[PDB]
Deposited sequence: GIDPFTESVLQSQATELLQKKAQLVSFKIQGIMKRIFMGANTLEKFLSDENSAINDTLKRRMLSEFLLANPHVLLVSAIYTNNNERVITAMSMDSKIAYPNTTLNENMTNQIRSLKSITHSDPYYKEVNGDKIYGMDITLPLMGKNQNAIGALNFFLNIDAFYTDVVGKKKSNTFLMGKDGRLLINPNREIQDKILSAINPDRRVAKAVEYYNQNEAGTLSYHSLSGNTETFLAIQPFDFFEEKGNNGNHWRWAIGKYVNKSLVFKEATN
């Protein structure tokens, strides 16, 4: 406390460690998401093939295998709009893969036929078997499009990837400071600046918007104290803003400085 040398050393050490840990979490998430999108690309080639010996049954098998390999995906749907309009859906709930019957509504329909690049929805709670599951829809055009591939990314399935096996001071942030994952589940889907008066939050969101890693001092909700907070932004999808998340990790100044 009394010593500026010690303080500088301890601070620098603690904020470097914070950033290192946040980078590891984000790298793990990116790896998970890379596998999702690679598989979705593979599925798109099979589901959109002109001259296929593949019937709806074998399409179902491949969709269910996608789910087996990617447990962070709750369901996946091959939606055809061209002719013989139909929805083929595999869904993974509990440990069993079902094939619910979806009828294509005019809501989904035209959005799909004019679709010419990948999109995603805003995060939302989907009701399933009386439970709300936090996630988002991701939609790829079946290629001029003959229909669409849609899957529901289960954001809740990333809970342990973000927070760890033990509770920790780690969260996943989305657009404008929205909390996608938080150890305190009840502040999920909340805007951070709307539930935290600390105006240094803006600098967090700004690190996010600028897309570089950075640290800042920050008053936490879960600890109600002064912390260092690291922000690690990363794209959860790569094309060549819209597909950007960030890991937040923080530590009590009272702990850093003895």
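Asker: List in ascending order the stretches of the deposited sequence, numbered from 1, that lack C-alpha coordinates.
Answerer: Residues missing from the model, as numbered along the full deposited sequence, span 144 to 147, 245 to 248, 267 to 270.
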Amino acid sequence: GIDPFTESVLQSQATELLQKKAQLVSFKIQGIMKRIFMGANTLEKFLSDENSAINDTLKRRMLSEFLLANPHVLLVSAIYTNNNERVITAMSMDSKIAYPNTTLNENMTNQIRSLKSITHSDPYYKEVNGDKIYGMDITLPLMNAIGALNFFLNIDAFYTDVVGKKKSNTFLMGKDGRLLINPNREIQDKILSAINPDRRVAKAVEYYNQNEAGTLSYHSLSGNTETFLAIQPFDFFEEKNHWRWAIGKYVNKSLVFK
From here on, numbers count along this sequence of modelled residues.
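Asker: When the C-alpha temperature factors are averaged for each of 49 to 57 and 227 to 235, which stretch ends up with the higher value in the entry?
Answerer: Here the higher of the two C-alpha B-factor means belongs to 49 to 57.
Asker: Per the PDB record, is the mean Cα temperature factor higher over 38 to 46 or over 200 to 208?
Answerer: It is 200 to 208 that shows the higher mean C-alpha B-factor.
Asker: Quiz for you: based on the deposited Cα B-factor, which of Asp161, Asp94, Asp137, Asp156 is highest?
Answerer: In this record, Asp94 carries the highest C-alpha B-factor of the candidates.
Asker: If you compare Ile29, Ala194, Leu67, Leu216, which has the highest Cα B-factor in the entry?
Answerer: Spelled out: the listed residue with the top C-alpha B-factor is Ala194.
Asker: Splitting the chain's C-alpha B-factors into thirds, which one does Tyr80 fall into?
Answerer: Highest third.
Asker: Split the chain's modelled residues into thirds by Cα B-factor; is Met62 in the lowest, middle or highest one?
Answerer: Its C-alpha B-factor belongs to the middle third of this chain's values.
Asker: Within this chain's modelled residues, let me know which third the CA B factor of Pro123 belongs to: lowest, middle or highest.
Answerer: Ranked within chain, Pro123 CA B lands in the lowest tercile.
Asker: Considering only modelled residues of the same chain, in which third does the CA B-factor of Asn150 rank: lowest, middle or highest?
Answerer: Its C-alpha B-factor belongs to the lowest third of this chain's values.
Asker: Among the modelled residues of its chain, does the C-alpha B-factor of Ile181 lie in the lowest, middle or highest third?
Answerer: Lowest third.
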